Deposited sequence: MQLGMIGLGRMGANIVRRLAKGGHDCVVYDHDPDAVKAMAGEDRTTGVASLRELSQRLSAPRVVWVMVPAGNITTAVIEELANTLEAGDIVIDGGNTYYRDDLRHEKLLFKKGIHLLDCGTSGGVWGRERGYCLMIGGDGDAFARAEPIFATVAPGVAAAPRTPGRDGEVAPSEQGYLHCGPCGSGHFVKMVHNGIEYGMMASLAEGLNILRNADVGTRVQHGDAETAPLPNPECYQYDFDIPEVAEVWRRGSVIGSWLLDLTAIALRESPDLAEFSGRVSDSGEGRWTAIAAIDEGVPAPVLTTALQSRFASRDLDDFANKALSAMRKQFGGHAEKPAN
């Protein structure tokens, strides 16, 4: 069927290509018209430069997909589409929008008789060929109507064997997309998906670091039994070995195996790690719900400390440690 895409970033673009390859008619716009002409070249690029233009070259009922930066710019666009589109149309925001914002947007465009489908999109660069895991919330009927687009841009059941106990017909979840519930529920689930992302990468990273320093007995606190810690491990080969037959098999380990093999010491990488903030929201939801989430919240708190956001607290320790114990801050290595 026929679809419009506002925003052609590394992700906006790879969905219109994966869709054009899947047999759908795509229309598109990004403010920068060197990126709007980039696609014009491809199958069903159908480039365009107007919101009105767009609403024009698409026939209602129509479905438009939005992937522009979260925050003001997104809402800005929904604002317009409140005009530019007719009633009974459909709005898919696949941006990294906060689920509480999806509730205002659903409000606004309901007045104009548009439906908002909120699509939590994950996958990265691989998704144009692999496909994206989509987590969608919104009105039940408008999901039915746009379901062909999700089914095409999800990886599809072929991507992984069926789970044992899965019976007969293929359910959408097995395809890689899911109506997670009403409005906002798609971004909500994707939010928690990124929180789990953090927890898994920290578990890999901390482990790697334990292995890395198992030689501490070769080389202040006295170390009892330094005869015990005398190992120099091959971190690239342990990472690779764990990829088959173990319990921690995962994409992230696969990725870590690659990275360790290019750089065995990760020497050129920054010790400064950022967070998306979706990880922030996942931690705040957990607090709001009384759900203890130390593993995910500490993984996120380890990123903050990696940006020296623990600065003042550290000085307070050294300040306390000085006044009770004359304790000295040791010089930098």
Deposited sequence positions missing from the model - stretches, numbered from 1, in order: 220-226
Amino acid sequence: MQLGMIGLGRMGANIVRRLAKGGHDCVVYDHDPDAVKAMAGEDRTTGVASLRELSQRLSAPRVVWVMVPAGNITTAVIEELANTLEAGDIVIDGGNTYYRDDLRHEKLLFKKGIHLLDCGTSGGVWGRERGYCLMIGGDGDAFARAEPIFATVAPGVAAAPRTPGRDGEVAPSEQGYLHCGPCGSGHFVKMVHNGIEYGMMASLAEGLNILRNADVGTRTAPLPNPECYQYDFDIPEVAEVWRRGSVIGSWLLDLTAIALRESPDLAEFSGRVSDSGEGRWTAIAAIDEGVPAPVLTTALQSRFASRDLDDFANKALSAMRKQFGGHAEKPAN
From here on, numbers count along this sequence of modelled residues.
50-58 or 288-296, whichever carries the higher mean Cα B-factor: 50-58
Mean temperature factor over C-alpha atoms, higher-scoring stretch between 306-314 and 6-14: 6-14
Per the PDB entry, maximal CA B factor within 195, 172, 124, 161: 124
Of the residues 27, 68, 266, 273, the one carrying the largest Cα B-factor as recorded: 27
Residue 254 by Cα B-factor - lowest, middle or highest third of the modelled chain: lowest
Third of the chain's Cα B-factor distribution that residue 104 belongs to, per the entry: middle
Third of chain Cα B-factors occupied by residue 186: lowest
Residue 80 CA temperature factor, ranked by third within the chain: highest
CA B-factor placement of residue 98, once the chain's modelled residues are sorted into thirds: middle
